[PDB]
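Chains, contacts and geometry: an overview
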Amino acid sequence: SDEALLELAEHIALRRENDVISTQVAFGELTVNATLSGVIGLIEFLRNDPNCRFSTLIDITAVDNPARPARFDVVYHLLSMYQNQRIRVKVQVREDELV
Amino acid sequence: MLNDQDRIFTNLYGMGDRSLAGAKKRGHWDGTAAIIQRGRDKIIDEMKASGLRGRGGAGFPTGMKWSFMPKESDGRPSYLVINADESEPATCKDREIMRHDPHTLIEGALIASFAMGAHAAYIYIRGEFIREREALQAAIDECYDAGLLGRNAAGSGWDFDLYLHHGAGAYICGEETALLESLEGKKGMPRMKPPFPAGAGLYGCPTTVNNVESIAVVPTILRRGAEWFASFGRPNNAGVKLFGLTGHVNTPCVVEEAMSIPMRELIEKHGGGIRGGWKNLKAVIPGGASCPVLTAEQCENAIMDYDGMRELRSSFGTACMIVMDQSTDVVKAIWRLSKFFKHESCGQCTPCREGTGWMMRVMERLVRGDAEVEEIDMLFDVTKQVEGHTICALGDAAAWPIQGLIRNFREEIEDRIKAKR
Amino acid sequence: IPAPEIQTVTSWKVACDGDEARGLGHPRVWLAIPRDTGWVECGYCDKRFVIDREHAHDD
Amino acid sequence: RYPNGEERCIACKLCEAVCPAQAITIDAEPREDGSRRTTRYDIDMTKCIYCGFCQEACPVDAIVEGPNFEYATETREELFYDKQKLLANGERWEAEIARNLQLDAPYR
Amino acid sequence: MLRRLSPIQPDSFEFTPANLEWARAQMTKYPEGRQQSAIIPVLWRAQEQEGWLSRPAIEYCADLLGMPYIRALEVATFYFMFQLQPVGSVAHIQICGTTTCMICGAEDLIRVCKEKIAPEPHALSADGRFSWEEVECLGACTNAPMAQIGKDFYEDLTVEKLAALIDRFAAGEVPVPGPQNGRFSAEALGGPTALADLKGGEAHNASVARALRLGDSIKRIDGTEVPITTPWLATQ
Amino acid sequence: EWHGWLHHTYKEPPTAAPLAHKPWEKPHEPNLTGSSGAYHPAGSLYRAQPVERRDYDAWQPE
Amino acid sequence: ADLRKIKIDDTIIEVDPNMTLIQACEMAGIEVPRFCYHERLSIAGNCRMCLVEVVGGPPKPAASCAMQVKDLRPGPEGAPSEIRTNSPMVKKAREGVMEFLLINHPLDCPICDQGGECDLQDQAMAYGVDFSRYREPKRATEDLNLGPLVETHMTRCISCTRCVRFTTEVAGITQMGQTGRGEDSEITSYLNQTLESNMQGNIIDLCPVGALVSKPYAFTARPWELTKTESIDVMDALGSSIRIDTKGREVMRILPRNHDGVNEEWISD
Amino acid sequence: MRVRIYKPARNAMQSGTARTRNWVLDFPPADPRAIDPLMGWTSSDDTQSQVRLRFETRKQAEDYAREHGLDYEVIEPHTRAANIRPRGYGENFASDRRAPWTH
Ligand SMILES: Cc1cc2nc3c(=O)[nH]c(=O)nc-3n(C[C@H](O)[C@H](O)[C@H](O)COP(=O)(O)O)c2cc1C
Ligand code: SF4
Ligand code: SF4
Ligand code: SF4
Ligand code: SF4
Ligand code: SF4
Ligand code: FES
Ligand code: FES
Ligand SMILES: [Ca+2]
Ligand code: NA
Ligand SMILES: [Zn+2]
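Residues numbered from 1 in each chain as written, not as in the entry; some residues may be left out. Chains lettered and ligands numbered in written order. Part of a larger assembly, values for the part shown. Heavy atoms only, no water.

Taking the PDB entry as the reference, chain H is identified by name as ETC complex I subunit conserved region belonging to Paracoccus denitrificans PD1222. As recorded by UniProt, the Subcellular location (unreviewed entry) comment attached to chain H reads in full: "Membrane". (UniProt positions renumbered as here; feature names shortened; annotations may be inferred.)

Per the PDB entry, chain A goes by the name NADH-quinone oxidoreductase subunit C and belongs to Paracoccus denitrificans PD1222.

Encoded structure:
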């Protein structure tokens, strides 16, 4: 599943180059850092794309990082029951910025 | 074999005349001025060629050690300290040199001191050797009267003073840096290196520490010659060596022999053989307490020299042996050494202050068989935690005897556990 | 305050654990009786150990 | 208390540190005889979650959760237990508490 | 074993005039400002004079050499030849217990000591005249089993011979030290196996010969027994 | 004495297997909540002598 | 000013050659366990907890507190000398020394004032094994009479001699020493007299274990309860940098904090 | 209110330096605490003192206080400079030492 998640991350980085800032696979989980302006387009691609069929939204939450210029992270957790895989999407948000 | 003509210590037993005149009859103090006028470099270069190696326990090339000393004085005086502590449990060779053939030690001190550019030498003798110190002090006073020591020592044109200093019962004070601490009026705790003694030793001045037998041999090598000394023994194991035969031999004694003599020939020739015949031999500790024990079979072809004992996974040490026959409890023998090392650790550094006691108390239970068999491997592991992790080599010396027992007599330890359980 | 318990011992080193079976006391500690005063007290249970000087056996 | 009648608590404060609800408050001084003992030992029973972490953390089995569960009160402040109240509970329930400790000792 | 000073201490210490003279000579063997080097020899002489090392002696010798008291106390407790409490008034028997003497019967010798002197080491006999202790190797292992009494080694011992020796000390005699089995010094029993021709040159070995001449084996040294000489002061 | 048996914690009744008691133990009391013997904190207004609290000593004029 | 390059683990760093390896490691932000070494005391080298591996040297681990950078043999061709603080040898050395430190240490943490801010607890957690192999009786030690400021529990002493080195070098008194030999060697004051120094309270900080503790502070708090305020002392005109530890409304103790230009890291009694 | 921006100093009781890397923005207690009469607990109406923020650099702490209109004081830290011993361990045995080293 580690090789599988790295392969899947390349597929996303390739098809959504401008949405994706970077990807990471740590502790067996794939995290995608995305731009705020492209997060909706990317999550839509993840939902509908054949290789990555992330049609279950597990949840959305935020993390506060006061030491950072963009203090908030908004985190999207998505599950695919058909592909049997998970993904996390993270976007950095400034205070008073709209998501 | 060695014959009287080739024996350096010719009055080792003190049977002959012990006066200064009697020593001169035996060739000592003979042309000391001429040797010194050969210069520092020629003497050092000759000691290097003779192949002499430290007789204190580690066997480091002596001439090389002398060449670490500075050639010019930078304001700090140089010192030679002669190590007469001799508290290693099986070692008694140095006792004879100091009380019966002192003039070999005194002259070697002068020549060695000149070779390092030292005007003063200090002999550190163990405090238990009360009569040896009185006898050695009497010889030093004879030499001062004869002019062999003092303003123009032996007519050589070198101002040399020889002092006698004694300890008060610490085996760790034989360690070279602990000796300097004891000589300065402190409790004898070793120093870490660096600084090295050639850089900062006694009083923070350049110092060389040599064993009594290392120095006492110097004048004869220079008089007879480096090639003669290197004739005896195997290559890289040169010279004649004072041996101690102790334990369960017919006639225990101290004797001078060539290096690399077979162990059996040494025992049979001078020890009178094993008590009850060679087949009664059980184990031998070949070079003092800190040397791993040897089985009866390993001693068959053992060659008494630095390479021979290393090849058998043991150490040459001081070359004084403990011979144990088939009636000896070997686990009890090694245990009593663990008790010795626990008694002697200076307590400065953790792995030996705490480790030696732990090793002793596990060994005591192994003597009685009051242990699990898994504690033998545990004990071996504990010794490895001490060895190499301490300030001074006493930590190592406390681990090797136990490691030798486990490597060579493990079945005897496992029998005691089965015998009791 | 008087001690809750006194034991007389013939050794200068004692161990106390609250005298309770199989892990029901306090952590086991070793205490040294000074030769000057001849008694020591457990820091956990306050038990006092008192040396029997005439029979006190050095180890 | 110990079988010798002395308090088991030595004011280590491990129970106060582990308490998830911060229900324990302790103050200690050296006693007149020099012993390490508490002068205040409060449990706020309206903060406590009855998790038993304190008895797990105690190194001397001083604080325990006992078998009693029928102590409903008519006023809230009757549930602010001070040191003497807790010690009185231990002196009345010791026989059952000690037996329970023996029964569960093989699993602790 | 904890190294502590005895709880009962003499009120004062003072070197005898000849021992104070001897001590000052010892300080001249070491460079200027290094007189603290003489602490061990000077402390040893204090014990020799009195038979044990007392607190006033340690403080007296610290003042003589300009050391702090704690520094001098460290020396006294680190070096185990110093007796920090009274020992037997007549003699103190030190029996080697290390391996070579152990496998040659040292433990049987210790059994003799417990029967004749005292059940435990460092304990005075009922008279107050004898004490014993077990010590590590004394560097006479070819003469094992052996013991030290006073200044002298008594070597090649046996339970019978050691018992007899203690009886002579108890009667006020000083038996001859050295090998008790007829050996000379350290050569093989039954004649040297090397340097055999020299036999006859000297009656006794160096240790025994000096002991017989001076008779100070168990004598409190007052400093008037050996002349005080400093030949090194001429060298400059 | 009987609580453990009545709640099935112990198999045998205290008649057959009596509980060991230490000499410093105290007799059982029921719940005293609605009575005058109810426990109250030292600073309670029920106490009628509530313990006064402070953490510093004040200087007193001469 | 001829800085020398050295490679520590995987960090190449340039340091004064007179630095010891332990000082260089801290400059590189690499943690090295220690008990006996202190920045402002003479190097002792007795705890053996700071042992590191010098790549290419003899198999013996080296005490990083005592080895100057210039003592390291230069690397081949002039490459920077390498030392490892992460190798299996170092891991085994640290585990071995920690085991030796604990075999005779008393099971005192609940009643010991050091608990919660103890270097022995913390480095045992980080650098030791989680179990014991020691099955023998432990050493028990008598306590000292050092006066009304320092309470002693000498069974806890790990023989680091920080107290001796501070009182002798910094406080300038000669009352403390280490008598005896071996595992029976005791840290002590001469004649069991109370220490005479208005700088003696500093040994409470310096002692890494609860052997030397504060009598006035004894048993009153645990380190995790305290609110810490960095302030300035007014008991004299030096203006020492201090830390005030409060619990609720009350100050519970006063500790020094470092100021190289005023009080270093000491305060008076 | 007024906040403190400072780098917490090493605990003198310990030699570790891991709790000395971060900057903190603190809201120091604003009014006196009181003693609860009933149980003697420490009472407070100052919940703002519960807040303790953590930063990696002084700039980050100073920025946050500025973006949030907080009056702040920055206390500068006192780093301990390395005590470089020219002779290292060897100074313990220097010939010119005032007194012998005690080990
Ligand atoms: C614990 C210990 C004890 C030692 N005892 C002695 C000794 O008694 N006599 C001796 O000559 N060397 C002894 N040594 C060896 C010295 O440290 C040093 O290596 C030697 O004296 C140098 O002299 P050499 O090279 O001429 O042999 C001892 C070493 C250690 C670690
Ligand atoms: S290894 Fe033993 S004798 Fe050597 S310094 Fe360490 S504690 Fe002292
Ligand atoms: S049982 Fe109650 S007092 Fe004990 S730790 Fe849990 S919440 Fe705290
Ligand atoms: S009850 Fe136990 S854990 Fe709590 S302070 Fe007392 S001894 Fe420590
Ligand atoms: S010094 Fe540290 S490890 Fe030792 S008992 Fe105290 S808190 Fe525990
Ligand atoms: S008392 Fe403390 S500072 Fe002194 S040597 Fe022992 S552990 Fe080190
Ligand atoms: S073993 Fe006894 S004198 Fe050497
Ligand atoms: S810190 Fe280096 S040996 Fe102690
Ligand atoms: Ca009490
Ligand atoms: Na401390
Ligand atoms: Zn107890």
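Right, picking up where we left off after that structure.
A separate point is the nonpolar core. Ranked by internal contacts, the top residues of the largest apolar core, which has 274 residues, are B:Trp66, B:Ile82, B:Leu162, B:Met263 and E:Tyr79. Non-local contacts of B:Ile82, meaning those with residues more than four positions away in its chain, are made with B:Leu105, B:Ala109, B:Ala121, B:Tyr122, B:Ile123, B:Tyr124, B:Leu162, B:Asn210, B:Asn211, B:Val212 and B:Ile215. Core analysis: the next-biggest nonpolar cluster, separate from the first, contains 32 residues, C:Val9, C:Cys16, C:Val29 and D:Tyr81 among them. (Core = buried A, V, L, I, M, F, W, Y, C linked by side-chain atoms within 4.5 Å. Buried < 20%, exposed > 50% of the residue type's maximum accessible area, 1.4 Å probe, protein only. Contact = heavy atoms within 4.5 Å.)

Chain E puts 76 residues into the contact, and the matching count from chain B is 83 residues. Of the roughly 6,500 Å² buried between chain E and chain B, counting both surfaces, carbon and sulfur atoms make up 58%. In terms of surface lost to chain B, no three residues of chain E exceed E:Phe78, E:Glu136 and E:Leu195, which account for 10% of the buried area on that side. Our enumeration of links across chain E and chain B arrives at 7 salt bridges. Two residues, E:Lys151 and B:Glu134, come together in a salt bridge whose shortest N-O distance is 3.2 Å. For the pair chain E and chain B, the number of links is 39 residue pairs in polar contact. (Buried area = accessible area lost by both parts, 1.4 Å probe. Salt bridge = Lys/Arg side-chain N within 4 Å of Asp/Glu carboxyl O. Polar contact = N/O pair within 3.5 Å; in protein donor to acceptor, adjacent residues only side chain to side chain.)

Turning our attention to the packing of helix α14 (residues 330–344) of chain B against helix α17 (residues 394–408) of chain B. Residues and elements named next belong to chain B. Two numbers describe how α14 lies on α17: the axes approach to 10 Å, and their chain directions differ by 170 degrees. Here α14 is positioned roughly antiparallel relative to α17, judged by the angle of their axes. Counting all contacts with α14, which are made through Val330, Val331, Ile334, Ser338, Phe341 and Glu344, the residues of α17 involved are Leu394, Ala397, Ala398, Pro401, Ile402 and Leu405. Grouping the constituent residues of the contact of α14 with α17 by class yields 10 nonpolar, 1 polar and 1 charged. (Axes fitted to C-alpha atoms, helices over the stretch in contact; angles between N-to-C directions. Helix = DSSP H or I, 4+ residues; strand = E, 2+ residues; numbered from the N terminus. Parallel < 35°, antiparallel > 145°, perpendicular 65-115°, else oblique. Nonpolar A, V, L, I, M, F, W, Y, C, P; charged D, E, K, R; others polar.)

Ligation of the calcium ion (ligand 9) by protein atoms is provided by C:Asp46 (OD) and D:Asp33 (OD), these donors lying 2.2 to 2.6 Å from the ion. In this pair, C:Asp46 is assigned in the loop between β4 (39–41) and β5 (48–51) and D:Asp33 in the loop between β1 (24–30) and β2 (36–44), connecting two distinct chains. The exposure class assigned to C:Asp46 is buried, which follows from its relative accessible area of 7%. (Donors = N, O, S within 2.8 Å, 3.2 Å for Na, K, Ca; no water.)

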